[PDB]
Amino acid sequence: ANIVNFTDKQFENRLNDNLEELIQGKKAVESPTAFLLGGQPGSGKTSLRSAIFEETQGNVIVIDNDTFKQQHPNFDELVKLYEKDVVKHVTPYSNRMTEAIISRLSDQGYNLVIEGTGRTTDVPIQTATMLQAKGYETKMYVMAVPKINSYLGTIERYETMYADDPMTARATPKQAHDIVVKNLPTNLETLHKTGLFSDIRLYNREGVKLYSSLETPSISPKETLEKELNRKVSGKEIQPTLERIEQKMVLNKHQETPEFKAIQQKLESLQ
């Protein structure tokens, strides 16, 4: 019980607000479409949100598990205890919330964007099936991004949030990034085979469609994704990203990290 727990009334309240915010300027439709997001951390899955915002012309609701982490009634007390190692403790809460939101919003039939990584086949399959027996068309838009670029993205993200709030900041473990990369190509093929999705798409960072299962029904997403994931990035292209993170890391005062020292040896090999 105690600090980790929360009364049903406390959850009830936060649910009401969340729903109230989310419905702002949105109507329910008769052919509701749920877009399940995919991509390793640092991909920039926000790119997908903008493509889906455009596709649905603004009538779509984003359900992002992360945005509820700090919404645990007792969160304040849970930092005076666990500081940077707090995330684990509040995940129970944020998972329950997301599933109640996805639940109530799908009862009414609003268009949905559901934030995901695609680390597992379990979650999207379970979500897609739940939604289909409710009238939803279900799609899956996934980032197709070089592993080096996405790994750099995780580094930059953390470094920018350190500059915002030195207390909130916590980096994505390299293994957490590298697992989604190792698993995702195969996971998308397994999803392809379920025929639960009317369209699986691959987008690059610039919003450019690289693959569509609807357009190319006998081609696997797998080969195409691996190719981008593995594609080697020119010093030409990687030049600005390196410079930007380097200069952000001086302000954050992080020279003495293996990540920064590895940037120096990439910036030195190209001078």
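Numbers for residues come from their place in the sequence shown, where the first is 1.
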(message) Test of understanding: from the entry's C-alpha B-factors, which stretch has the higher mean, 83 to 91 or 148 to 156?
(response) 83 to 91
(message) Comparing average C-alpha B factors as deposited, tell me which of 74 to 82 and 97 to 105 sits higher.
(response) 74 to 82
(message) Comparing recorded Cα B-factors across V113, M143, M140, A171, which one is largest?
(response) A171
(message) Highest Cα temperature factor in the entry, among the options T46, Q239, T56, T67: which one is it?
(response) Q239
(message) Per the entry's values, where does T117 land by CA temperature factor relative to the rest of its chain, in the lowest, middle or highest third?
(response) lowest
(request) Among all modelled residues of this chain, ranked by Cα B factor, put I125 in the bottom, middle or top third, i.e. lowest, middle or highest. (result) middle
(message) How does the C-alpha B factor of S50 compare with the rest of the chain: lowest, middle or highest third?
(response) lowest
(request) Select lowest, middle or highest to describe the third in which the CA B-factor of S234 falls within its chain in this entry. (result) highest
(request) Quick one: classify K209 as lowest, middle or highest third of the chain based on its Cα B-factor. (result) lowest
